[PDB]
Amino acid sequence: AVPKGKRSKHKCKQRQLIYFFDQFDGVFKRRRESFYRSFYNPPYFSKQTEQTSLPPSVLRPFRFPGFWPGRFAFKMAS
Amino acid sequence: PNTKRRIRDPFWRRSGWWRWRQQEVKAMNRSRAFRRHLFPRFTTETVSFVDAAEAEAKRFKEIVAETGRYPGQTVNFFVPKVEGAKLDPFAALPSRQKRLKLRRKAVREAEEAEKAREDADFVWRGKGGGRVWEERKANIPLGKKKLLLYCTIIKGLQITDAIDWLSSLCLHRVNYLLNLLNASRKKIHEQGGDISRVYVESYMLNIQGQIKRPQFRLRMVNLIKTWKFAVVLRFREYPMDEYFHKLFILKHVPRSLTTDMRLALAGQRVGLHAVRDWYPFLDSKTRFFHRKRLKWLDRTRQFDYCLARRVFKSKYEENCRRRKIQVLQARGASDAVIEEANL
Amino acid sequence: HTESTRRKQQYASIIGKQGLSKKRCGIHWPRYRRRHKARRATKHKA
Amino acid sequence: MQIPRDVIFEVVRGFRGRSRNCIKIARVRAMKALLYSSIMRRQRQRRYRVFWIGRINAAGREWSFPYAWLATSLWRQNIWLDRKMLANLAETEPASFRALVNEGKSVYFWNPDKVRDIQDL
RNA sequence: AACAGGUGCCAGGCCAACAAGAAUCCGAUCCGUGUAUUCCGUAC
RNA sequence: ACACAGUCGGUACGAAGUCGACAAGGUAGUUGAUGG
RNA sequence: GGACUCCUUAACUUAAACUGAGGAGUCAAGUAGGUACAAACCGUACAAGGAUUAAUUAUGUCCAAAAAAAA
RNA sequence: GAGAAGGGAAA
RNA sequence: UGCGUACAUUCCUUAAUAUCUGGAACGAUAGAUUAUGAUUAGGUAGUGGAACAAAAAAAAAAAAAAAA
RNA sequence: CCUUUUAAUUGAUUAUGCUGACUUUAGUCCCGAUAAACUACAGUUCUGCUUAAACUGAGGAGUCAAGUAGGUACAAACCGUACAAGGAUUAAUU
RNA sequence: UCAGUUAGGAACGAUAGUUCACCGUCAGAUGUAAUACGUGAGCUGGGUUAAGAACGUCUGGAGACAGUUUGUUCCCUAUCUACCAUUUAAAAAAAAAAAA
RNA sequence: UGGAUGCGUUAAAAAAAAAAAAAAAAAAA
C-alpha cells in the first residue's frame, strides 16, 4: 500500500506541532524535571574523567549576582 | 513512565476544541493575559525605541526608488544589480551586523544619557529596546524537523534556562546548539552584557545541503542523506524597566533563577531575611499570592509602580556593584585603583 | 522562458545608461561596450 | 498560454499553497477563477433584480398592495420607475413609496357604475 | 569605426627604447580608458 | 472551510445628546387606526 | 467509415444507447436558462467587450425559491 | 391537486 | 382581472484582407478612428489575415520649442 | 531608440521526455548470535567452543588471497613493518 | 393461504476439487435469495487456462483437442474513506506591554 | 503463598435499564 497523493504543507505543519507536543510532554518535560531535581546533590564525578576533569566539588553556583544579598568574595589576607 | 500522564494535543480536546470554542477560549486567555498587567498611573513621557540605521536605509531606498538616483546624484542614475555584477548598488549602506553594532552603540549612549536626565524615573518605554546580538553556527548534522523541536523548546527563554533545557535532553547532536549557546553567553558577558537579562528572542534555520551515500538493496540502490544546516539565534538584553515589569509584575521568572534561590535557602547559604527578600519570585504559590497582594495594593492606590521599579533597579545595581568591588578587593588592590575603576 | 525574460529585463534596465563600468555590467559588458561604440560612431569626423 | 504568466501569478495572489507560486497549478486555478468571474458577471443582473422584486413586494404588502397589482397600476398610470428605483424608495423614502402605492391603488381599485347598499334589506 | 597589447574598465597623443594632450569642464560614495568641448600626430 | 479551495456581493458614523420637542395629555419628550 | 430525439421502415423475442436504411432537429464543433444531478429534449432578438435598465421564451405562481387575492 | 416520482407538507 | 422569468451592436469601447459594404467616396508630406450608414463578430478539423517575440548587424543617436 | 534585415532553425503546464535540484511517504521501515566487574585492607564473574608450544641434530607438514587485512596516542591520520649466516658468544657493559 | 410493535433458534460425517446433489448418524426445526454467483492489498490452492512429459485421437509434418493425465515462485512496511480501540484543561510549553 | 484459562461455575433479569463526555434564561467570548 502506498499514498494516493502528496501530503500538503499545511498538514505537515500540523504534524510538526502535534509531534512537538507529543515529544515535549513525553520526554523533554520529564528529563528537565529530573535534571533540575538532581541539583540538590553534588554533581556527578566520573572516575574515568579524572585525568582531565576538575577536582571533585559539591558547591553549585548562584548564577544571578543581581539577586545575591550576601558576600561575593573575601578580602585578601595578609 | 507514569503510563497515565496527560499528553497534550494542540488541535483536539475531549472538552471540545472546535474553531468556535478556540475563538472563545483564546479571547478569554487574551483578556486574562492583558489584565495580568499592572501599569503606572502617572508618567512624565512615553519614550519609544527607534532604529536610526534602519530608518536611514529605508529613506535611502525610498529616495532611490522615487528619483531613480542616489541621494545627491545630479547627472548619472541608479544602476540595479544584474547577472555577474560585482558591485553592490547599496554598498554605501551598513550590513545587518553593522546595524546591530550601531544599535548597541546607541543603546549604550542612551543609557549613559539617561543617568543625567531629570524625571527619568517616571518615563514609560515599552516592550522593545536594548542591545541585540545575532550568532550563527554552521555544519550541524541535523534536519529541519528536529531543529524545529529543539528551537521551539528554547524560544523566548532566558539564556541559562535554555542551556539547562538543552543539557537535560542527553542528545548527542544537541551539543552543537549547546556549544553555540555557551559561546554566545561567553561573548556577551565579555562584551559587557548582563547575562541575567539576556533572552533568546528568535531563531532562523538555513539549509546548507545534504551528503548522500549509496544503500544497496535487493532490487534497487537507494541514497541515504545526512543533513547540513545552520542556526542563527537572536539574543536580546532586556532593559532594566522591561526586566522589572517581566519578573516583578508579571511573575515570568527564569526557572534557573528560582532553582538557585531555592538551593541557596535549602543550603542555608543566605540569611533568614532572604525568604521575604525573594518571596516575590521564589515559588508558584508565593508568586501568585504576591501578585494578588500587588493587585489589591494597586486597586487601593497604595502601590507605586515607579517607586517599586526604582527600588528593584537600585537593589539589582547595588548587588552587581558590590560583586565588582569585592572581587577587586579580593586581589589586594589599592584604594586608588578601586576608586579609578568606578570612573 | 524565465531566464530569457529576466536577462532581457536586466539588459533593458542597464543598456540605456551612459558611463557604466564592467563591475556594474557583469555578463552584459561586451554588449554594452559594442552598443556605446555604435552610439559614438556618429561623432567621428563630426 | 491561455493567459499570460505574469497575469496568472498576479491573479493567484491570496490563494492556498502551491497555487500561489507553481505555474502548473496556478494556471489551472487562475483559469477557473476568471471563468467563474466571466460567467457570474453575466449572471448577477437577474440575481440583483429578484432582490429588488422581493423588496418591492414586501413594501407593497405592508400597505396591502402586492407587487403584481402595484406594477400593473404604475405601468397603466404611465409611471416607468424601474425596479431598483422602486426598491430604493421602499427602503429609504417610505413616504414617497406610500404615495406611489396610493396612486397605484387609485387606478387599480376602480368602482362599478352602480353600487348597492344591502345593509338593511 | 581594428589608429592592435598593457595600465583598476572602453586610450592614436600614460607605458610599450623612433609621432603626437599630466588638454579643459561634469561626475552620489574611491578611480576613469566615461559625457561634452577642443588641440595635436599619422606614407603607422 | 459545507467548497478543484475559487467567484459575485458583503456591515451605512453621530441622539452614546438633552439647560430636550397639528391636536390631546392627566406630564410618560406618553398618545390619535380598530365592534361582530 | 458518427451519436441521440422525431417520422416511415427491414431484422430482433413487434427486446436492447442492438443491427441496418430514407429524411428533419440538436450534439459533434454551441456558453449562460428549464427539464432534480456529465452531449443528443424544450427554448434563445445564440456568447466581440463592459455596466446594479427593459422585454411574457420554455415554464411557473403554499415553503426550500422570484412571482394576485382591498373594502 | 399534477412522474407532486428531489425534500417538506398544503385545498 | 395579474405578475415572475433567458435574450441590448437602447448606452459606451473595439474588430472585419481567398478581389462586391457605401469606398471607382472623402483626404493625402506617408489616413484621426464614419456622431441614428449597412452586414455583422459561438466554433473542433482545415484554410487565411494581422500584432508581438525586450536581441544582434548596419558606416544616419543633435538643423527641434523654453531652460541650462 | 526608430528603420531594414537575420539560416535564430527564435516562444513549452504535458512526450511513463533528457540532465539535475528539491519535497511527500516520515522522523516511518531498517539496529546480526550472551554478557559482568575493575573494588574504604588478600583472591578465582559467567558463558560458547576446544591443536593454545613458539629449539631440543628435523625452518617447526602445504597452496592461494590481502598489488602489504591484527604495528602505533580511545586515529577511517603521520611514521614504521616479510633479513634463509636470524647477527645480543649480551654468562657482555653497569 | 392471510397477518406483526419481526421475539428466540435449526448438529455432524464416508466417497468426492467440487456447488447443487447421493449415502450414513443425531435431531424430528426442507428455509430461500441478494450483497461484483459478499469477502484471495484477510487465508488456502484441490479443479481450472503457459514453459516439461505421457496415453487416446487428427495430419505428411511441425503440431493440435471447449479429450484424459503428472509436475509447476499466490507480491505489497496502509496515505485517504470506513470501522474497532483511544483522548486533562481556562492554565499548569513559549508569547500575548495598556492608557496618551 | 498464588496467577491465568476452560475441559470448570454462575446468570440470561432490567431498556424511562445498566451508563455516560459538554447545568443550558449565556441572543454577538
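Keep in mind that the numbers below use all heavy atoms, side chains included, and drop hydrogens, waters and symmetry copies. Residue numbering restarts at 1 for every chain, and letters A, B, ... go by the order of the sequence lines.
- Stacking between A32(G) and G33(G) does not hold, since their six-membered rings do not have both centres below 5.5 angstrom apart and planes below 30 degrees.
- Of the two residues near RNA chain E, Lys22(C) and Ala41(C), the one whose nearest nucleotide lies more 5' is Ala41(C).
- Within the structure, a side-chain polar atom (N or O) of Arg46(D) is placed less than 4.0 Å from OP1 or OP2 of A6(I).
- When heavy atoms are screened at a 4.0 angstrom cut-off, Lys155(B) is found touching the sugar-phosphate backbone but no base atom.
- Residues meeting the side chain to side chain contact (heavy atoms under 4.5 Å, CB included) test with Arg7(C), sequence neighbours left out: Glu83(B), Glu3(C), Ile27(C).
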Legend entry - Under 4.0 Å protein heavy-atom contact, by nucleotide of nucleotides 20-29 of chain J - B base, S sugar-phosphate only: --SBSSSBS-
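- The pairing partner recorded for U42(E) is none, the criterion being a Watson-Crick or G-U wobble arrangement whose two distances lie under 3.5 angstrom.
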Legend entry - Intra- and inter-strand pairs of RNA chain L in dot-bracket (Watson-Crick or G-U wobble, both distances under 3.5 Å; | for another strand): .............................
Which side-chain N or O atoms in residues 22-32 of chain A pair as donor and acceptor under 3.5 Å with protein atoms at least two apart or in another chain?
unit_1   : atom_1 : unit_2    : atom_2 : d
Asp25(A) : OD1    : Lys29(A)  : NZ     : 3.0
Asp25(A) : OD1    : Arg8(B)   : NH2    : 2.8
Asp25(A) : OD2    : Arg8(B)   : N      : 3.1
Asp25(A) : OD2    : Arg8(B)   : NE     : 2.9
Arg31(A) : NH1    : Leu169(B) : O      : 3.1

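- Pairing for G20(J) is absent, judged as Watson-Crick or G-U wobble with the two contacts each under 3.5 Å.
- Ring to ring, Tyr305(B) and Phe39(B) are not that close: their centroids are 6.0 angstrom or more apart.
- With a cut-off of 3.5 Å on both Watson-Crick or G-U wobble distances, the partner of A42(J) is given as none.
- In this strand, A65(I) sits stacked on its neighbour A66(I); the base ring centres are under 5.5 angstrom apart and the planes under 30 degrees.
- At the heavy-atom level, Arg76(D) lies under 4.0 Å from the strands shown only through sugar-phosphate atoms.
- Taking the ring centre of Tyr238(B) as origin, the terminal cationic atom of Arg236(B) falls inside the region bounded by 6.0 Å and 45° from the ring axis.
- Between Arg219(B) atom CZ and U77(K) atom P the separation is 15 Å, expressed in whole Å.
- Between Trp52(D) atom CH2 and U5(I) atom P there is a gap of 10 Å when expressed in whole angstrom units.
- Rounded to an integer number of Å, the gap from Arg42(D) CZ to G42(I) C1' is 11 Å.
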Inset, instruction - Begin from the C-alpha positions of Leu250(B) and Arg291(B) and carry the test side-chain contact (heavy atoms from CB on, under 4.5 Å) through to its verdict. - result: CA-CA 8 Å; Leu250(B) 297 180; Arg291(B) 184 167 50 105; over 6 Å; no
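- For the side chain to side chain donor-acceptor pair (under 3.5 Å) condition, no pair includes a residue of residues 8-19 of chain D, sequence neighbours left out.
- Proximity note for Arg83(D) (side chain, C-beta onward) versus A55(G), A89(K), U52(G): the nearest is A55(G).
- Counting any heavy atom pair closer than 4.0 Å across all strands shown, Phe28(A) reaches no nucleic acid atom.
- Screening residues 24-33 of chain C for side chain to side chain donor-acceptor pair (under 3.5 Å), with sequence neighbours left out, gives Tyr32(C)-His36(C).
- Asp6(D) has its CG atom 14 Å from the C1' atom of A53(I), to the nearest Å.
- Sugar pucker of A64(K): north, since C1'-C2'-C3'-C4' comes out positive.
- Stacking between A11(G) and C12(G) holds, as the six-membered ring centres sit under 5.5 Å apart and the ring planes differ by under 30°.
- Sugar pucker of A40(J) is south, as judged by a negative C1'-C2'-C3'-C4' dihedral.
- For the pair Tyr32(C) OH and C1(J) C1', the interatomic distance rounds to 15 Å; values are reported in whole Å.
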Inset, instruction - Could you run through nucleotides 32-44 of chain E and give me one letter per nucleotide, 5' to 3': B if any protein heavy atom sits under 4.0 Å from the base, S if only the sugar-phosphate is that close, - if neither? - result: --SSSS-------
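- The list of side chain to side chain donor-acceptor pair (under 3.5 Å) pairs with a residue in residues 29-43 of chain D, not counting sequence neighbours, reads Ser37(D)-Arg41(D), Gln43(D)-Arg47(D).
- Taking a cutoff of 4.0 Å between a charged side-chain nitrogen and a carboxylate oxygen, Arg59(B) and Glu62(B) qualify as a salt bridge.
- In terms of phosphate contacts, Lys8(C) brings a side-chain nitrogen or oxygen within less than 4.0 Å of OP1 or OP2 of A54(I).
- Stacking holds between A65(J) and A66(J) under the rule that six-membered ring centres lie under 5.5 Å apart and planes differ by under 30°.
- Among the atoms of the strands shown, none is found under 4.0 Å from any heavy atom of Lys23(C).
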Kindly give the atom pairs (protein nitrogen or oxygen, nucleotide nitrogen or oxygen) under 3.5 Å for nucleotides 4-11 of chain F.
unit_1 : atom_1 : unit_2   : atom_2 : d
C4(F)  : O2     : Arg29(D) : NH2    : 3.3
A5(F)  : OP1    : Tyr36(D) : OH     : 2.9
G6(F)  : OP1    : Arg16(D) : N      : 3.0
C8(F)  : OP1    : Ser37(D) : OG     : 3.0
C8(F)  : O3'    : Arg44(D) : NH1    : 2.9
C8(F)  : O2'    : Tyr48(D) : OH     : 3.0
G9(F)  : OP1    : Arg44(D) : NH1    : 3.2
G9(F)  : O5'    : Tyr48(D) : OH     : 3.1

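- At whole-Å resolution of the value, NZ in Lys45(C) and P in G12(E) are 18 Å apart.
- Base stacking between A34(K) and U35(K) is present, with six-membered ring centres under 5.5 Å apart and ring planes under 30° to each other.
- Using bins of under 30°, 30° to 60° and over 60° for the plane-to-plane angle, the ring pair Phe109(D)/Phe65(D) lands in the perpendicular bin.
- Of the P atoms belonging to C7(I) and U44(G), the separation is 14 Å, rounded to the nearest Å.
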Inset, instruction - Kindly determine whether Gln2(D) and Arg27(D) satisfy side chain to side chain donor-acceptor pair (under 3.5 Å), including the steps that lead there. - result: CA-CA 9 Å; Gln2(D) 299 82 42; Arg27(D) 175 208 159 232; 2.7 Å; yes
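- A side-chain donor-acceptor contact under 3.5 Å links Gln22(B) to the backbone of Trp17(B).
- The number of heavy-atom neighbours closer than 6.0 Å to NZ of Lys86(B), taken from other residues, nucleotides and ligands shown, is 12 or below.
- Residue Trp12(B) and nucleotide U87(K) are classified as a stacked aromatic pair, their ring centres being separated by less than 5.5 Å at an interplanar angle below 30°.
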Inset, instruction - Using a 4.0 Å cut-off on protein heavy atoms (strictly under), produce a 5'-to-3' string for nucleotides 8-13 of chain J with B for base contact, S for backbone-only sugar-phosphate contact, and - for none. - result: ----SB
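- For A53(J), there is no paired nucleotide, since no Watson-Crick or G-U wobble pair has both relevant distances below 3.5 Å.
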Inset, instruction - Treat primed atoms plus P, OP1 and OP2 as sugar-phosphate and everything else as base, then score nucleotides 65-71 of chain G 5' to 3': B for base contact with protein heavy atoms under 4.0 Å, S for sugar-phosphate contact only, - for none. - result: -SSBSB-
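- For the pair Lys84(D) and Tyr48(D), the cation-pi criterion (under 6.0 Å, within 45° of the ring axis) is not fulfilled.
- Nucleotides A10(K) and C26(K), compared at atom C1', are 13 Å apart to the nearest Å.
- Regarding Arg47(D), its CZ atom lies at a distance of 17 Å from the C1' atom of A51(G), rounded to whole Å.
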Side chains of residues 218-225 of chain B: which donor-acceptor partners sit under 3.5 Å, not counting sequence neighbours?
none

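- Note on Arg8(B): a base of the nucleic acid sits closer than 4.0 angstrom, heavy atoms only.
- For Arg6(B) and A91(K), the CZ to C1' distance is 16 Å, given to the nearest whole Å.
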